[PDB]
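We call the chains A, B, C, D, E, F, G, H, I and J, going by the order they appear; numbering starts again at 1 in every chain.
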Amino acid sequence: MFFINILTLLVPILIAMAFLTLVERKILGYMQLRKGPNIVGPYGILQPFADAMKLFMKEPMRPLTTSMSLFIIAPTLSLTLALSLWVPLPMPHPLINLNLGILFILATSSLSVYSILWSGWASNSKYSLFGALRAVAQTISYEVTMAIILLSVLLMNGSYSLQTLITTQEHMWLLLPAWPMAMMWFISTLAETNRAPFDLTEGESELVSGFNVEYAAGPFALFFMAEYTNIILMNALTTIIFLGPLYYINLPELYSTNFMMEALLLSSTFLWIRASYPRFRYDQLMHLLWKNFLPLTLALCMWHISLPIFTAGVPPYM
Amino acid sequence: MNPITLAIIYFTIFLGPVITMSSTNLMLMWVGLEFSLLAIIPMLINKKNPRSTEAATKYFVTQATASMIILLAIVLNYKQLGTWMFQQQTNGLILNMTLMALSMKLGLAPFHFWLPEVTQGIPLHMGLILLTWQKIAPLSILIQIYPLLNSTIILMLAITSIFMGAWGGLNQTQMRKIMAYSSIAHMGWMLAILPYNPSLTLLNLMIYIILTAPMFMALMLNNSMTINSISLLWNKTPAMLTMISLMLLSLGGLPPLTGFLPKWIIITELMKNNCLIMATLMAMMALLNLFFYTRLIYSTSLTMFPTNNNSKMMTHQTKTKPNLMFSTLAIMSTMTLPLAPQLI
Amino acid sequence: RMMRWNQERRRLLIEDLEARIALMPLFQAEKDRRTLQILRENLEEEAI
Amino acid sequence: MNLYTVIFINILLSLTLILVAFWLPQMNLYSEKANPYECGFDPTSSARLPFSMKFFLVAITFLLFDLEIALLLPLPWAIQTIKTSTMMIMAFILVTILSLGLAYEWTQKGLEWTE
Amino acid sequence: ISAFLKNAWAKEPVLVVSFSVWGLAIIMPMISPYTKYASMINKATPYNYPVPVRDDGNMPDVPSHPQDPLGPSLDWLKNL
Amino acid sequence: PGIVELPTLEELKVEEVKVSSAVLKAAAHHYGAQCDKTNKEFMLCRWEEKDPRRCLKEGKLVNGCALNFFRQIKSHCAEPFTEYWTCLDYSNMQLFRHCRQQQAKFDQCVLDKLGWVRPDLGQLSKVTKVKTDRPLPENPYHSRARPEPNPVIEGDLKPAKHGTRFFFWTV
Amino acid sequence: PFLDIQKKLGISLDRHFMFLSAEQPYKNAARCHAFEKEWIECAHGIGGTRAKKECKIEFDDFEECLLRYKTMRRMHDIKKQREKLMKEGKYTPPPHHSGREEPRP
Amino acid sequence: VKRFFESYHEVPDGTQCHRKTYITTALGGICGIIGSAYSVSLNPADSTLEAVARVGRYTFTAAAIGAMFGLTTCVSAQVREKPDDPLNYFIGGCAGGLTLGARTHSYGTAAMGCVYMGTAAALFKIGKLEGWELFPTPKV
Amino acid sequence: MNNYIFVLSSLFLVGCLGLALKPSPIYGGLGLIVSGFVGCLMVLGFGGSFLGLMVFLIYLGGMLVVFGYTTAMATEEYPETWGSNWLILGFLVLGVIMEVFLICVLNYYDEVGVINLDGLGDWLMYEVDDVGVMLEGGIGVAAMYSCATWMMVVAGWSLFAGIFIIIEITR
Amino acid sequence: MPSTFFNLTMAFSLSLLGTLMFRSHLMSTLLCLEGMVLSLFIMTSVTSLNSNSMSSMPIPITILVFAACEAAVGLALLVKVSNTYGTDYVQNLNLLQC
């Protein structure tokens, strides 16, 4: 039966990515005073399938200057990690209950970087190398803040498990004690996923399709869907950690539906943010996230160390 | 450099060995060795030239492998006995691997090919530190486990250090390498006796330090790095010839100076345990170690060399360099033989 | 709010651990005689 | 076996999808489309040359800060101890020392890039 | 210096908050009365079994059963 | 060299509970008040003596006291108790906060009949001073007789005879 | 050590987690705690050369608790003989060794 | 195996000339391999063939040293029956030095190695005869 | 599922082998990542979660910087991967052959004690505490804040001084 | 346990043989040092988990700390080597003999 549960956990996430594509296009359109796709389907509900089939029928590219092994194994790694991250997600009852869930998340994402970073190297081109180095700088910027933010947040939980936060947020969201941590985590999830304003790897008008310029077919489709899956994942994590929906042990479906609402709002916020602002420069990003977020992150780590103690609010171990 | 950085680095260099002593855990000893390693490099590389970069790279790469081998030995001991201390009834392979890694750390032959190069590629200071303050903690490791050690390869490493140090320093015009080969020979003398009454190891170590530090200061006082540069000393600083002579003739162990005391009592405590002919070989190659010291003090003191016309400005101007410890360290050496029972 | 909630959770944990305290001896005894049963089985087999 | 199963299944999904991408379509291979892009004209040189990066010091100190993350991360287990004062003071010392090092790097202009 | 702080709060407010929160984290534990209860709660959690003691006949401050008047009573965690 | 002395099978045959863990946790707090002397005597046997082979009858007494406990539950307060542990088993960590309306029913039934009061928050987590007719174990760990240490040199010391006997130094 | 500063000051910076039988965080005995305790209490007052021959039984017991070689060899011999018998058609295992038993509790 | 080289002393000189002979030859070949390793690692050749030629030269040279040493020792013990006499080892060491001067074309090296190897081998026999212990255990 | 740990150990061995053959730092760091993942998995197999996850995190963070630098300093026009050299390919294949042959040999020279292929999976965990809580790794590592507060001081000082060391080396 | 410990020892030995046997590059040597570190970490952690000695579990983290500091300074010296010679190769560090 575990395989049927894998189906229920895998195929709808892929449908949801494929339709986040349409939602992106239509929201960018209506924010641009235009209508997105409405031709291929009744309201464009078949444009993702058209895109996918067109990509998987285009001839791929195995250029001569490249390294085929990394070239092919990197999109595999990208999709595999983007789809494995969804596995221990409690919505409210997860598929794989791990006692160190967020460590699995962090490690899996820091390995997801290597898809971009090996694809850009195997693609023996200048723009691909630009993009790989930009990704190196990006990760160096955001990973420190990610780890310390999540540490200081779970310092009022008592564990790295994600099922425990559903009990920590039984009566209140963690957004109120920690809105600054939530802010910087949101921007970290934004720099993660290489999403705007921190695109900086597929920087169309700086790097003409960096880390993808030599990728044409289903490989490019793999990178694309991995991005659009990690987006929904990070929004799900935001709403699980901070915007804790309602558990109600009799009714888990209520948790699932409120989780759906909140993750939809956060993903729409990602698209809104893309449509609004321009791109950073990838040294402005490092300077920002080392000179504004890391001092404050350390200070709030100090505060959330002191706070369990002078409040006598230390959480429990299990 | 700036003062905060210097404070940090020198404090770390002081705490490397000081952690390595006051630490029963071998892991913390390894930590101290890594502190010394990590903090010495900014000062080997302070001038930022190819020689300094090469010296620092060679030092780092040679010391890191030895650190990893010592850590292998420690992990194997913990697996064997569930303890972070070299007991008895460990494995001789573990102990020998430890000893070889520490030999690579010190500079003993055949693990000696890195020390003259590195000492050449750095200023006169940081050769002093490298040869004195960095030999201590590696020796502390051996001192704490002297009954567990193999009397065979300890002596082979010693003898090889003596032979190679003598035959290396015989033909070096550069003084930064002569002092390194002297270090190699003296470490051979130490490690030969280390399984036999280890207090004499510390005796020879203190004697060697008290000799070398004044010598490196003597080279500092005019930035001397060559025989032809120390030969122009009767015109610049002609009041140092006496002490340089007596300290070189101490380094090469001669009787009335205290540099014969370590060799003498080491041969004594070896003859007490029937290490007769190895001791004879070491005593006889110490003479070859002495030959280039004799040539050196000939070159600078007894057959005063040609000088230059520009050396007269040096005569006009004044100096402030002797630090009031040159005299003390050079006079406790060269003159403290009758206090030998108070030394041992 | 989080102070009071975690204060209560550190009370429910005391309750649960106390249940574990009350049931330590039964599991200890059963585990003991089970291990001894298995060892006697192993020995009676090794004899033949 | 469950996590292994899920990861094997995702691996199979990706490999089957790439097999489809490579052996379904029609190919017309020739050297003018298999040679590198570089925006219309051909490369003046190779991409496998030294790429002078200008945040190397920030990369090293990211490595050190990752080690500091490692040291800080056992706190959700440390806080349940009985003392609560040695750990308080040691966490304060650790964080303050990390931030002091960051301030030194900032003032000595390591966070800036080599222009 | 008040004007320097009034400047540094407009230009570079991020570092002001960092230093202030650092000082606050250090200072508030000294001030609070609820700080001692953290160690006591960590000490009350019985992860390990409480091993009984043999009756010498000279242990009057120890109870001979769980629900006796003796022992460390946890009525401060309740109705805190 | 020496053999291990193990009991026989009939020395391990017990009237056992054959009962699940949720139903067990639901009655734990009363099984800590009642059936406590036997449990704690068994613990003192098992910890004072490090041999399970020398605490078997104590374990059988633990089992028997638990059987009598659950039988007194099966005579009065069987159905409220069934309701309680049946709601409790639904959880994944078997928590009490989700089943708190049934605790009241179970405790009221078992306080009316059998007069059992529930322990407070921290009553079961303190040493509890049991007595017994057993003797103390003499030399647990079966420690062998230690070797005697090397003797101390007794005496108020004096100068070295002829000073330092080094080579030719007189004093 | 070389510079016994900790004894000179009474502190214990690192000499309280040298060996297994030393104060684990929550009082969980490391395995062979008893054997290491016994070896260390036999080798006390004595130093070295004499403890290496007057507490050899205890060191052997500890070495067999920790690295656990004789039990490996014993079970290997048993399994070898059992395989030999089962290939000779002489031995059949009982119900409670092929996975068909009445579980105890 | 250490027993194979310790079997040099189970029967005295003048007996089993062949056994002692290629024992000592194996010993010399071992030491020559060590020397070749050190001479190829440090100061390498312009090609692996030159390096292997160097190794073979060193090794067969040292093997010749050891072969002539053992032959001459057991012969001069067989002739002029005196196994407890280091002069046989001296004569064998001189034969070794003369072979070193043959393979390395120099009479100066020949006489040098003769004197030095002969004194060394005589001291070796005096040590084996009187009970000298290189690499002693600490006793005091 | 008993040869799990031997498989993981042998894969770690192969990874370190291909590392020791020293191809370009790209494929070398790929081998590092594979071997660190495998080390995390075997540490999990022995009951250790936090240490393995931290291995993987720290080595990922390091290999990222290694890629950044090797694209800047340690790059050739022809990076010389494994198969580029018939000699290095032969050494790799010979290393795998010698792994297999030496394991088969040590499976014969001694019955058991070095490598046990017949008895495999029987000796992994060695006296688990079947009833336990507050038992995992993380408690020991968190003892750096209590009962091991020297390791924390000394590592913190290492990193603090490392910052200054790096600034001065790069200056 | 004994099998995997043997294999980890052999892996350390291979990484040691590597870092001893140089090639043109240097970062490969530093990577061999990292592999040695990894193998020693795994052996220490496996021993601590086998013996259930939680008091020694702070030791592998210290190993990682100091080892990544070693890698950091090695990488700094690598930057210096490149700035001087421009090509990262080890066969250019041959001017100290004179």
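A few notes on this one:
Just so it is clear, a residue touches a chain if its C-beta (ideal position, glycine included) is under 8 Å from a C-beta of that chain, and two chains touch if they have at least 3 such contacts.
Separation of chain D from chain J in touch steps, taking the shortest path, is 1.
When the interfaces G-J and A-C are ranked by how many C-beta pairs touch across them, A-C comes first. For the pair chain C and chain E, the distance between C-alpha centroids works out to 29 Å. Chain D and chain I have centres, each the mean of its CA atoms, that are 18 Å apart.
One simple way to say how far apart two chains are is to compare their mean CA positions; for chain H and chain J this gives 42 Å. Centre-to-centre separation between chain D and chain G, using Cα means, comes to 43 Å. Among all residues of chain J, those that touch two or more other chains are 12, 19, 26, 29, 51-56, 59, 61-62, 64-66, 68-69, 71-73, 75-77, 79-82. Residue positions of chain H in touch with at least two other chains are not found.
Contacts with at least two other chains are made by residues 46, 48, 50-51, 53, 56, 59-60, 62-64, 66-67, 69-71, 73, 75, 77, 79-81, 83-84, 88, 91-92, 98-99, 104 of chain D. By the touch rule above, chain C contacts chain E in their complex via residues 7, 10-11, 13-14, 17-18, 21, 24. For chain C in complex with chain I, the touching residues are 17, 20, 24, 27-28, 31. Of all residues in chain E, those touching chain A in their complex are 14-15, 17-19, 21-22, 24-26, 28-29, 31-32, 34-35, 37-38, 41-42, 45, 80. Listed in rising order, the residues of chain C touching chain A in the complex are 1-7, 9-10, 12-13. Within the complex, the chain E residues that touch chain D are 18, 22, 25-26, 29, 38-39, 42-43, 45.
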